[PDB]
Number of protein chains: 2
Amino acid sequence: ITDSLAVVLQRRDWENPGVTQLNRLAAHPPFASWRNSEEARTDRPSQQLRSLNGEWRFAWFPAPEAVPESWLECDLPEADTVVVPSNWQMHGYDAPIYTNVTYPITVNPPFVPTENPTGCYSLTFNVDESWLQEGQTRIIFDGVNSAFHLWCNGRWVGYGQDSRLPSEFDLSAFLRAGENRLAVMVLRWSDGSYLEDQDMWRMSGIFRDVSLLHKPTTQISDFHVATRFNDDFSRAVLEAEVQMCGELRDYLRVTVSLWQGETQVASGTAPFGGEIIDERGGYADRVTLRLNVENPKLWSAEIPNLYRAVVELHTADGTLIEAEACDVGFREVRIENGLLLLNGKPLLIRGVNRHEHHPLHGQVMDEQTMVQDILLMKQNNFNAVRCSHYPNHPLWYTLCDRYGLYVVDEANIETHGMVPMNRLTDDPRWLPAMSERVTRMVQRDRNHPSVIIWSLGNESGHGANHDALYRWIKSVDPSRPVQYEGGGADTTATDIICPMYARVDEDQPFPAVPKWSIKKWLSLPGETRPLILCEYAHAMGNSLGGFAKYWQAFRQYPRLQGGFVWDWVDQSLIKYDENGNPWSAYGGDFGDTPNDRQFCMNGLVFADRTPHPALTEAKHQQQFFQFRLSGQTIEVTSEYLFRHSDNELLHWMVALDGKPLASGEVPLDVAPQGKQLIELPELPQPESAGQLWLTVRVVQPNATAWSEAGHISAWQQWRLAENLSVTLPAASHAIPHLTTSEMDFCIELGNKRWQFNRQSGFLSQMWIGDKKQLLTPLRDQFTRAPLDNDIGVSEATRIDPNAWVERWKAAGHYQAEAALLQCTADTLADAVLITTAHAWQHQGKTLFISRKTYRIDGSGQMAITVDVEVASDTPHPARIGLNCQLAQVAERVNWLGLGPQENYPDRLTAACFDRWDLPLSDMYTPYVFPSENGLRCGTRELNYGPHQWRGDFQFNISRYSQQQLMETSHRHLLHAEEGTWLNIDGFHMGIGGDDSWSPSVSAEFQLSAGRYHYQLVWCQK
Amino acid sequence: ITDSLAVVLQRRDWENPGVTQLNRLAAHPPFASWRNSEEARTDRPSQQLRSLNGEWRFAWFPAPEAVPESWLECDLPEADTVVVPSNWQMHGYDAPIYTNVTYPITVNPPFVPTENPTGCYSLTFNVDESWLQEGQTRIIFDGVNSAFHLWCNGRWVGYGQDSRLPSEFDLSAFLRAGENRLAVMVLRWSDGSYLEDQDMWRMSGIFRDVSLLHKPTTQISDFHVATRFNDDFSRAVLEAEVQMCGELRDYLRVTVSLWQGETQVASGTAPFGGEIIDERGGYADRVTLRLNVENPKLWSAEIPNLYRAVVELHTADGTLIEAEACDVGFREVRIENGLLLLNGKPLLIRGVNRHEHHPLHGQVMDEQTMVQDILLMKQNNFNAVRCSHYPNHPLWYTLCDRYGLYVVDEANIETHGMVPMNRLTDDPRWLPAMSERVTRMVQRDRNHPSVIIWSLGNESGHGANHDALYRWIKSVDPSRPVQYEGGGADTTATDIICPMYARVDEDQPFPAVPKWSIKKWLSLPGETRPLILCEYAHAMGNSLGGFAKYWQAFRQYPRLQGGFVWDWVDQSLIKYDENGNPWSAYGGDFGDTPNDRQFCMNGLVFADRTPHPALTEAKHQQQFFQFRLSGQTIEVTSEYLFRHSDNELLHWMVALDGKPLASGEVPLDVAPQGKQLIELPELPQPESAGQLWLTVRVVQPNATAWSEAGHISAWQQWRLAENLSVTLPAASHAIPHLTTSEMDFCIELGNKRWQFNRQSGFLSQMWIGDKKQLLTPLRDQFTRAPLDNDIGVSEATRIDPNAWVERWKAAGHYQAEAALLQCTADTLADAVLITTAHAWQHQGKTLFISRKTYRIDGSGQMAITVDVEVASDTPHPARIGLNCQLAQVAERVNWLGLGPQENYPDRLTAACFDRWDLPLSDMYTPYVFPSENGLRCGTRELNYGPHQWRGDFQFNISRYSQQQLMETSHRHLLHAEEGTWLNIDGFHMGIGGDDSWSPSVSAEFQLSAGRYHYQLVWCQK
Ligand SMILES: [Mg+2]
Ligand SMILES: [Mg+2]
Ligand SMILES: [Mg+2]
Ligand SMILES: [Mg+2]
């Protein structure tokens, strides 16, 4: 009766931050209740721990109030059979909302909307009579979003908030032998939502596991581990504090044993009863053991040395009541003298922020996915990850512990959408709610070695609540530093200056919360903390420009210990078309309102875990070996702090314009922080013209746990020499004929013919034989289909006049009209010479001026020479080159320049100069939100079909015009055009990326010279 | 229905620390909602604020569950008419429990006993229709102990915990015009009780006021004041931050005006909208004004300069929506360089701890009582008070603000009875509950100038919860320091070393939490904070010995800035006898179990506010003027920091053995921290024998607000000279006759006769004429009826073998038997000489040996000469002297020695040497728990009836034998004995008092010499 919906729902606990839970057990590290020490030691599975994951019955309602009392007693006819865990939006019930800042619901704390999507889950299951004789049977939900009430066998059990941490209830007295039934009612919105405003899809449900754990009556209630070291780490102390619940009987003992493999390293036994703590005594229900470990193997992301710790609760006669365990990693984390140290050396964090996202499963995580992510990261030169912005699925820590990644664990607290940001975090009334989001995290994850820093949440301004919570942590677990960026990045609530999007060299001095240039921030008066960016280098779409600038500061300034790139995966979701064809969806694609569109796609990898090209630029910049070339000696520097180059080979090689002349291989013997000298054999040197390039690669000959054999971990290339070509071509056998007309000029020579339209001034067509080559005339191009960064936050509604695109738009770039100023043909001794001039103007303003000369010679080669003039007072153009639509469509593209991957000017350090050959398909980058892409810089020669262009340029080539790109919201809607679109740039502006909501292109990468010159040679084979 | 007891009670919110309140409004400074600025300015009364204090209907139940649903709807036949506020134990419902540490209920957090005394209060009242048109009508309870549920017009309103702070609910929508009814159900025990384990009577009910406040819809929700100063305090800034609730309309304004009297000093006006705080902006519902004040009058306990601040919320057209106000005191509090400063100078805290206690009303406070207390304190040289151990009744701060006392405001948190002490305070699950006890206190009291330090609670060990809360405060209100003694007195949670019962010179090194000698504590390595004792000098019963030692350190060591004596009033309660006669009751006197007996009586004043003699010793030691005598020049030093001696006269005077020879009066002109020189007139000097004494007194000629005219604020006395008596008496005219017998020796001379019993060796009787003088023989006395300090915590059950009494008991002191060793009479030329010797022994051990000579001469004077030998190995005796029971009973006592008040050896600095004459009645000190009392030291002559004794001794005289004292638990049970009991001590051991649970008598005051000598002269007039 008092179990009635009617009664229960009445209190509206989900509209009250003063009730965060009802009858929930305390937090603690992961338990299994093994009843045999070996299983515990070997991490075998505990029969005392049962999963309730699977098929559950579910029914959706628009408001908690629309639930029928019947539900409590019996299933529902119309209840569907759903799989758990899952996100009900993933099943169709309601839509997922992709909003960033702006809260999904209306801001009226602590109220929530009356229309509040309720999901009723139920499960019928069996409890074995043995579980009811003794012990305690409790239930666990690893993640319920956002809040929920619970009934068992028609009785009300409890309530819980906090989507990202476990809620546990003792079912001990509601359970009946055999058949039991659970009724779980999950509310989408609650007062907890006010604290969960992270930039991500807004979903709901029982999205993490459900389990049953059977514990003895007298049991281990919690335990913590700690490791102290001596000056040189040659000796450690493992300290374990154990607490128990139940009746304390003198025959009770505890044994803590430390294994390393099969080998027991240390063991300790004792009975309950701690040291005197105060005037009343000590804890009789606790015991602390201390094990001495000589020459412990240390844990690090470089070498994840782990031990196993077993905690046995037994009686003195040797009888085991129960056992728990955890992996142990010996490491010390400290900030000392402005530096963050790990095991005494200073880290350089090569990290990334990662959300729990699956395109198919929404926010439900699985082992496979976790592992994939981990390996990609490790393969790509990452050390660390930040749990943006809440505690993750438990297994995560374990994997990191094991594979080796540093983890920053973060409280599930984000109130980004309040005004001001502080509003709740400065309010004592939210102190409790917040408090639980921090404390429980710590109680749960504190024993993992991978966790090296605690974070108070994200973007919730800076309030007195943070200060308190930060102090709490420091008191409770001084083993790790605390960080929080809110309120300016350097408040009293953080041990590290941890801004987001601070530029390297430029300051952004917003009122109250400026973002100084990182190099400058450190030397502000009185400042002494280390600086590590919590988010930097916004990887949204065609991005990552300038990435290297960061890497270089990091390397030059000690107190700049790296940062976390934003972010790992694109938060795109899968949708299906008219023919059961899938496609990547984003903000607002689910009729979701209000929404932030593409803003959910900032990953380095696509939702399927396939990489964006940016990923390489990272990989290379973050590489652990560094090179310098001096004469014919290569100096190698190791950035490893703990390990020796012991699975590393260096391959070297010399080549002249793509042609290999020499190769070597040399095994690296460099210690962490060491140098290795490498002298090269006498290097060949040819008479032939061209550039000679040295390229080196570090290879991992043997496979590791996260890499295959032959994995390349680093590389670098240098230009060694140049033999300039002092050779004049063979005087043409033939001579081209010029046929004039009033419409055009024709040039014929051989089967070849070229036509220039005298009215437009462009080369309108060309034939090889009877076949035409163009579909579109060759013409000047000064624009580009806007990248995400060019656009920023500019919308049709709300225009951002500062966004590059807006400027360009406003100035007429996109709609300027050419103007023939001149077009002449002249006959040279051995060639024809065409000469043109256009002016591009908009509203009587001449933006640019293009002046060319085409010169066709007996060789049947045309040489284009171009010279642009850009008005000082017009926004600098995105680019400067030509384009045209070719008639042909070939299978491959071959070029001699940077590649193989897409590379832009402020994003090309990872690319190598060489001869690349790839399929056309590979020259297009499927950024879900179409834009200019696929560029390759420093090209010297490009070959497509019978064409060959030569010079110094950047280019791109696909089946999509710039216009089509520019006009398609999703990549799935693009259609291949008639032939091949070719864009050949003499120059291209950088892509930026410091952030994606303001101009981020550094000046060095802006086409601001005024005068631009370039030349090409088009010809055939 | 869901309003039903049945439903409500179901959740058992009082057995859950996760629910501290339900539907309670936020905390804030005191509001009145004046609707006229002048009333506000002048503190007139607000018609918008109505008291519901008075006659209420009440009914008591043994368990919440025994309440009848009817109650919600209608009064109860048997409900009585009680007055509110009150403590129901004060009315008879149940008993008050006097327990210290040990919790009243059984320790099973968060559970409470099923038998849980519920008090149902109800009130029928009228609401004026106007209040319901608009605005908000809310209710306030200033104190409900311990927890409660609330209904209005049969509807459930909310719940609340925290006995010592206000709970407010919006009744706006439950109210009906005209007749309304409240039903309040108050639970004695709740999960809140675990946090309220203060050493005091355990009571319950609606013990502070009940009010109704009507506010506008658009109102002032909170406001704070702050004052900054310049280097020399010649200029200040008053800063007021105001927040409002309701709809924000551009025509809204705020005006803050500062008055000094009638004179407006400054005013400021502005509209809502603060400065940018973070990335989202500012508070639109707040405004901060800053007023400049030139040469502000500063507030201090010496001179409570106050201003009035008025906060008006109006529209721009000048229309007043509403006004609030508060008194403002300009003062700066800072710890700087190890010192605690007030307005730039370093305080010396002369303070005391005070509980809210009334012998009649239990824990209900009234203005009269508050005021009495204040004045007594100020009169007695106190500067400050500590709110042991919870927030006090609101008016308190106001009075302190006004009369001038420094206040330490303390959170209502004491978990003394847990094991260990830390148990809850270290538990994250109690963090929220604790949090509210701190935060609300601050939000409420933060604007009072008298509050200069915040305290986190008392005796709750040291947990991570404290650290967080301490940081919170520092963040929120950096204007004051925070202190907390738990866990060792010098933790990271306190800005001041604030121990309790630390001795001056001796260390008490308990494990974990030692108590170093205060002088030593300061120089412990790394230590730099100031030290102020939160409790020192346990004033239980006959106490305060050694008080001066403290005063002297305080004066010599800068970093020793004083302390808080423990405590102000005796927590005794009034009971009535068989004839409606009242008497002072204590622990366990209400059949209360378990209990701490007298432990509740440690005040300096009795519950009726009549002083214990200790009070003087304080007054004198804490005096603000200090003297030194050099020749005939008196040097006066002022300890005032801010004020000039401007109501001070110095009276001086010289006297020879009680006889006045000279007097002066001199006006003091000494500045704070200054010296004044005073040269005395040529001082007379007589030939006559005797001691010449100089005595000076400082007088307050004019009355102040807390003192009458002619109040004496200080004094000091010196001995100037001594003219020794070289005069031999006039050779006796007569000669005494000795008549022997086998039973005794008789001496006759004149009407006078003396008889010494030859079997016992004592003077058994004496006659003047036909009248006998003794009822009991004159005999040696080595014991005393144990003071509270002699006993300590020793009980009959649990004996404390270290307690003085125990030692004495065990050694046979109390039951030793005399032994005539010798008894002889001899005839001298002009006198008779008796000579005796006894041995006191117990179990064949001779404890002491007494050797006398009585010598009676022609003058009819007996001279007693005594010489004791004390065994090295026996506990030192409490005293050494004689006693006897006189037959007479006279009305007065006159003596020449220290007085006039009771004075002991380690407690006599406040006493003066002179001739005192008082009524017998005044020679007895009515300590509720009878013990040795009334002593007066340094006596040279004592007169009672026809007797006169002369020498150097300490003595006491009443109608109660030591034995009677020793055997009566309460003073009300003592009965006057046949005549007058006289105790004349050659020597007396000190009383101690550093604490009352371990030996506190300093060695200098212990009778440890072995050999003791003394002489008397008994005679008549
Ligand atoms: Mg809630
Ligand atoms: Mg955000
Ligand atoms: Mg509660
Ligand atoms: Mg206590």
# chains A, B, ... in the order shown; residues from 1 in each chain; ligands from 1

call {"tool": "residues_near_ligand", "arguments": {"ligand": "ligand 3", "cutoff": "6 Å", "atoms": "only C-alpha atoms and all ligand atoms", "output": "list in words"}}
result
residues 13, 14, 15, 16, 17, 18, 19, 20 and 191 of chain B

call {"tool": "residues_around", "arguments": {"residues": "segment 126-128 of chain B", "least_positions_apart": "5", "cutoff": "10 Å", "atoms": "only C-alpha atoms", "output": "VMD selection string"}}
result
chain B and resid 133 137 175 to 181 212

call {"tool": "residues_near_ligand", "arguments": {"ligand": "ligand 4", "cutoff": "8 Å", "atoms": "only C-alpha atoms and all ligand atoms", "output": "PyMOL selection string"}}
result
chain B and resi 100-101+197-199+414+416+458-459

call {"tool": "write_last_selection", "arguments": {"atoms": "N, CA, C and O atoms", "output": "tab-separated table (two decimals), in the first residue's frame"}}
result
chain	number	residue	atom	x	y	z
B	100	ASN	N	26.81	13.08	30.00
B	100	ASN	CA	27.89	13.87	29.38
B	100	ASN	C	28.28	13.44	27.95
B	100	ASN	O	27.93	14.06	26.91
B	101	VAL	N	29.06	12.36	27.97
B	101	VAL	CA	29.64	11.70	26.81
B	101	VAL	C	28.73	10.63	26.23
B	101	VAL	O	28.26	10.69	25.09
B	197	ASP	N	25.54	15.34	20.78
B	197	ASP	CA	25.88	14.73	22.04
B	197	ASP	C	26.66	15.63	23.00
B	197	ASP	O	27.60	15.19	23.66
B	198	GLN	N	26.22	16.87	23.16
B	198	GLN	CA	26.85	17.80	24.10
B	198	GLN	C	26.63	17.46	25.56
B	198	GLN	O	25.54	17.04	25.97
B	199	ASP	N	27.66	17.75	26.34
B	199	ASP	CA	27.59	17.57	27.78
B	199	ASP	C	26.60	18.56	28.40
B	199	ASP	O	26.96	19.67	28.79
B	414	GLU	N	28.25	17.64	17.75
B	414	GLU	CA	29.08	16.98	18.74
B	414	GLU	C	28.78	15.53	18.79
B	414	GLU	O	27.70	15.14	19.16
B	416	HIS	N	30.73	13.32	20.54
B	416	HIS	CA	31.60	12.86	21.59
B	416	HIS	C	31.51	11.36	21.91
B	416	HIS	O	32.52	10.70	22.15
B	458	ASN	N	32.28	20.63	18.35
B	458	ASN	CA	33.01	20.22	19.52
B	458	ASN	C	33.06	18.72	19.60
B	458	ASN	O	32.16	17.97	19.23
B	459	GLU	N	34.18	18.33	20.14
B	459	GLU	CA	34.50	16.98	20.44
B	459	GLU	C	33.84	15.93	19.55
B	459	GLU	O	32.96	15.14	19.92

call {"tool": "residues_near_ligand", "arguments": {"ligand": "ligand 2", "cutoff": "12 Å", "atoms": "only C-alpha atoms and all ligand atoms", "output": "PDB file with N, CA and C atoms, in the first residue's frame"}}
result
ATOM      1  N   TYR A  98      20.700  15.837 -28.875  1.00  0.00           N
ATOM      2  CA  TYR A  98      22.034  16.307 -28.934  1.00  0.00           C
ATOM      3  C   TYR A  98      22.072  17.831 -28.702  1.00  0.00           C
ATOM      4  N   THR A  99      22.285  18.198 -27.443  1.00  0.00           N
ATOM      5  CA  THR A  99      22.463  19.582 -27.060  1.00  0.00           C
ATOM      6  C   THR A  99      23.805  19.697 -26.317  1.00  0.00           C
ATOM      7  N   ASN A 100      24.486  20.838 -26.447  1.00  0.00           N
ATOM      8  CA  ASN A 100      25.791  21.038 -25.796  1.00  0.00           C
ATOM      9  C   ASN A 100      25.722  21.597 -24.353  1.00  0.00           C
ATOM     10  N   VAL A 101      25.505  22.916 -24.360  1.00  0.00           N
ATOM     11  CA  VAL A 101      25.416  23.768 -23.193  1.00  0.00           C
ATOM     12  C   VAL A 101      24.001  23.875 -22.646  1.00  0.00           C
ATOM     13  N   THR A 102      23.180  24.450 -23.499  1.00  0.00           N
ATOM     14  CA  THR A 102      21.782  24.677 -23.238  1.00  0.00           C
ATOM     15  C   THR A 102      21.126  23.408 -22.742  1.00  0.00           C
ATOM     16  N   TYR A 103      20.555  23.487 -21.535  1.00  0.00           N
ATOM     17  CA  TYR A 103      19.913  22.310 -21.010  1.00  0.00           C
ATOM     18  C   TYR A 103      18.728  21.889 -21.877  1.00  0.00           C
ATOM     19  N   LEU A 195      22.904  18.586 -12.717  1.00  0.00           N
ATOM     20  CA  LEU A 195      24.310  18.348 -12.552  1.00  0.00           C
ATOM     21  C   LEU A 195      24.866  17.473 -13.648  1.00  0.00           C
ATOM     22  N   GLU A 196      24.066  17.199 -14.666  1.00  0.00           N
ATOM     23  CA  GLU A 196      24.591  16.358 -15.728  1.00  0.00           C
ATOM     24  C   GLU A 196      24.419  17.001 -17.089  1.00  0.00           C
ATOM     25  N   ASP A 197      24.945  18.214 -17.248  1.00  0.00           N
ATOM     26  CA  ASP A 197      24.791  18.904 -18.503  1.00  0.00           C
ATOM     27  C   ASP A 197      26.001  18.836 -19.439  1.00  0.00           C
ATOM     28  N   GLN A 198      26.571  17.647 -19.595  1.00  0.00           N
ATOM     29  CA  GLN A 198      27.702  17.453 -20.506  1.00  0.00           C
ATOM     30  C   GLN A 198      27.345  17.552 -21.975  1.00  0.00           C
ATOM     31  N   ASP A 199      28.297  18.091 -22.728  1.00  0.00           N
ATOM     32  CA  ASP A 199      28.157  18.196 -24.168  1.00  0.00           C
ATOM     33  C   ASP A 199      28.176  16.797 -24.808  1.00  0.00           C
ATOM     34  N   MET A 200      27.002  16.181 -24.925  1.00  0.00           N
ATOM     35  CA  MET A 200      26.862  14.840 -25.486  1.00  0.00           C
ATOM     36  C   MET A 200      25.374  14.530 -25.691  1.00  0.00           C
ATOM     37  N   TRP A 201      25.078  13.453 -26.407  1.00  0.00           N
ATOM     38  CA  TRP A 201      23.688  13.062 -26.578  1.00  0.00           C
ATOM     39  C   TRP A 201      23.051  12.864 -25.217  1.00  0.00           C
ATOM     40  N   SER A 388      36.128  12.273 -19.635  1.00  0.00           N
ATOM     41  CA  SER A 388      35.213  13.371 -19.877  1.00  0.00           C
ATOM     42  C   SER A 388      33.844  12.786 -19.941  1.00  0.00           C
ATOM     43  N   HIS A 389      32.941  13.113 -18.990  1.00  0.00           N
ATOM     44  CA  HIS A 389      33.122  13.950 -17.813  1.00  0.00           C
ATOM     45  C   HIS A 389      32.337  13.308 -16.696  1.00  0.00           C
ATOM     46  N   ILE A 413      29.883  15.762 -12.665  1.00  0.00           N
ATOM     47  CA  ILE A 413      29.229  17.036 -12.330  1.00  0.00           C
ATOM     48  C   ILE A 413      29.454  18.118 -13.383  1.00  0.00           C
ATOM     49  N   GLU A 414      28.408  18.470 -14.120  1.00  0.00           N
ATOM     50  CA  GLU A 414      28.550  19.534 -15.099  1.00  0.00           C
ATOM     51  C   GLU A 414      27.312  20.348 -15.167  1.00  0.00           C
ATOM     52  N   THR A 415      27.446  21.600 -14.788  1.00  0.00           N
ATOM     53  CA  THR A 415      26.318  22.493 -14.810  1.00  0.00           C
ATOM     54  C   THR A 415      26.536  23.633 -15.783  1.00  0.00           C
ATOM     55  N   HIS A 416      27.172  23.309 -16.878  1.00  0.00           N
ATOM     56  CA  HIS A 416      27.484  24.270 -17.910  1.00  0.00           C
ATOM     57  C   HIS A 416      26.368  25.264 -18.239  1.00  0.00           C
ATOM     58  N   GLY A 417      25.132  24.787 -18.344  1.00  0.00           N
ATOM     59  CA  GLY A 417      24.012  25.633 -18.732  1.00  0.00           C
ATOM     60  C   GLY A 417      23.442  26.624 -17.708  1.00  0.00           C
ATOM     61  N   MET A 418      24.009  26.782 -16.520  1.00  0.00           N
ATOM     62  CA  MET A 418      23.454  27.762 -15.600  1.00  0.00           C
ATOM     63  C   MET A 418      24.004  29.129 -15.843  1.00  0.00           C
ATOM     64  N   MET A 421      27.668  30.356 -14.362  1.00  0.00           N
ATOM     65  CA  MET A 421      28.025  28.927 -14.297  1.00  0.00           C
ATOM     66  C   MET A 421      28.002  28.267 -12.921  1.00  0.00           C
ATOM     67  N   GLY A 457      34.972  17.570 -11.843  1.00  0.00           N
ATOM     68  CA  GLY A 457      33.867  17.752 -12.768  1.00  0.00           C
ATOM     69  C   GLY A 457      34.350  18.617 -13.907  1.00  0.00           C
ATOM     70  N   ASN A 458      33.383  19.227 -14.580  1.00  0.00           N
ATOM     71  CA  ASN A 458      33.643  20.046 -15.728  1.00  0.00           C
ATOM     72  C   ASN A 458      32.613  21.145 -15.826  1.00  0.00           C
ATOM     73  N   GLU A 459      33.140  22.217 -16.333  1.00  0.00           N
ATOM     74  CA  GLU A 459      32.418  23.405 -16.639  1.00  0.00           C
ATOM     75  C   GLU A 459      31.184  23.657 -15.779  1.00  0.00           C
ATOM     76  N   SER A 460      31.507  23.983 -14.551  1.00  0.00           N
ATOM     77  CA  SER A 460      30.504  24.295 -13.556  1.00  0.00           C
ATOM     78  C   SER A 460      30.935  25.504 -12.774  1.00  0.00           C
ATOM     79  N   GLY A 461      31.711  26.368 -13.452  1.00  0.00           N
ATOM     80  CA  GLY A 461      32.249  27.570 -12.844  1.00  0.00           C
ATOM     81  C   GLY A 461      33.075  27.210 -11.610  1.00  0.00           C
ATOM     82  N   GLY A 486      37.131  24.709 -14.015  1.00  0.00           N
ATOM     83  CA  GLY A 486      36.126  25.731 -13.863  1.00  0.00           C
ATOM     84  C   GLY A 486      36.622  26.998 -13.222  1.00  0.00           C
ATOM     85  N   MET A 500      41.306  24.855 -20.992  1.00  0.00           N
ATOM     86  CA  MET A 500      40.840  24.302 -22.233  1.00  0.00           C
ATOM     87  C   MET A 500      40.927  25.355 -23.353  1.00  0.00           C
ATOM     88  N   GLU A 535      41.768  20.263 -22.271  1.00  0.00           N
ATOM     89  CA  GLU A 535      41.284  20.099 -23.619  1.00  0.00           C
ATOM     90  C   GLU A 535      42.024  21.071 -24.449  1.00  0.00           C
ATOM     91  N   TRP A 566      40.929  17.144 -27.594  1.00  0.00           N
ATOM     92  CA  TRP A 566      39.507  17.006 -27.602  1.00  0.00           C
ATOM     93  C   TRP A 566      38.995  16.739 -29.004  1.00  0.00           C
ATOM     94  N   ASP A 596      22.586  21.082 -31.213  1.00  0.00           N
ATOM     95  CA  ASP A 596      23.885  21.601 -31.660  1.00  0.00           C
ATOM     96  C   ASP A 596      24.554  20.988 -32.876  1.00  0.00           C
ATOM     97  N   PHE A 599      28.306  19.817 -33.831  1.00  0.00           N
ATOM     98  CA  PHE A 599      29.082  19.984 -32.611  1.00  0.00           C
ATOM     99  C   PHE A 599      29.412  18.728 -31.812  1.00  0.00           C
ATOM    100  N   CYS A 600      28.735  17.630 -32.138  1.00  0.00           N
ATOM    101  CA  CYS A 600      28.954  16.373 -31.440  1.00  0.00           C
ATOM    102  C   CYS A 600      30.021  15.531 -32.140  1.00  0.00           C
TER     103      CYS A 600
ATOM    104  N   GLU B 279      32.230  32.543 -17.751  1.00  0.00           N
ATOM    105  CA  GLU B 279      31.876  32.445 -19.150  1.00  0.00           C
ATOM    106  C   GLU B 279      30.381  32.663 -19.462  1.00  0.00           C
ATOM    107  N   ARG B 280      29.468  32.453 -18.497  1.00  0.00           N
ATOM    108  CA  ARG B 280      28.033  32.623 -18.747  1.00  0.00           C
ATOM    109  C   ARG B 280      27.501  33.976 -18.317  1.00  0.00           C
TER     110      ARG B 280
END

call {"tool": "interface_residues", "arguments": {"of": "chain A", "to": "chain B", "cutoff": "7 Å", "atoms": "only C-alpha atoms", "output": "PyMOL selection string"}}
result
chain A and resi 2+7+18-19+276-283+419-421+428+432+439+461+464-465+467-469+471-472+475-476+487+511-513

call {"tool": "write_last_selection", "arguments": {"atoms": "C-alpha atoms", "output": "compact mmCIF listing (two decimals), in the first residue's frame"}}
result
# COMPACT_ATOMS: atom_id res chain seq x y z
CA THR A 2 2.69 2.50 1.10
CA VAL A 7 2.25 6.87 -2.35
CA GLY A 18 18.05 17.02 -0.84
CA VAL A 19 17.19 13.37 -1.65
CA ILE A 276 44.54 4.52 19.00
CA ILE A 277 43.20 7.39 17.02
CA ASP A 278 41.74 9.73 19.48
CA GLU A 279 40.48 10.07 22.99
CA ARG A 280 37.91 7.23 22.48
CA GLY A 281 40.29 4.72 20.96
CA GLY A 282 40.45 3.04 17.59
CA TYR A 283 38.50 1.13 15.07
CA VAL A 419 23.86 31.47 -15.43
CA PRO A 420 26.22 32.27 -14.18
CA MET A 421 28.03 28.93 -14.30
CA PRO A 428 25.32 25.26 -0.09
CA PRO A 432 25.37 17.41 -0.50
CA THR A 439 33.05 10.87 -2.62
CA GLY A 461 32.25 27.57 -12.84
CA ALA A 464 32.64 27.19 -2.52
CA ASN A 465 31.35 23.70 -3.02
CA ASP A 467 36.80 24.18 -2.55
CA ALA A 468 35.32 21.97 0.04
CA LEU A 469 35.35 18.96 -2.14
CA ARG A 471 39.94 19.67 0.36
CA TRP A 472 38.03 16.53 1.11
CA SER A 475 42.49 14.66 3.01
CA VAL A 476 41.22 11.34 2.08
CA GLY A 487 36.30 29.33 -13.05
CA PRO A 511 36.71 39.11 -18.56
CA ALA A 512 36.90 37.15 -15.45
CA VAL A 513 38.21 34.13 -17.08
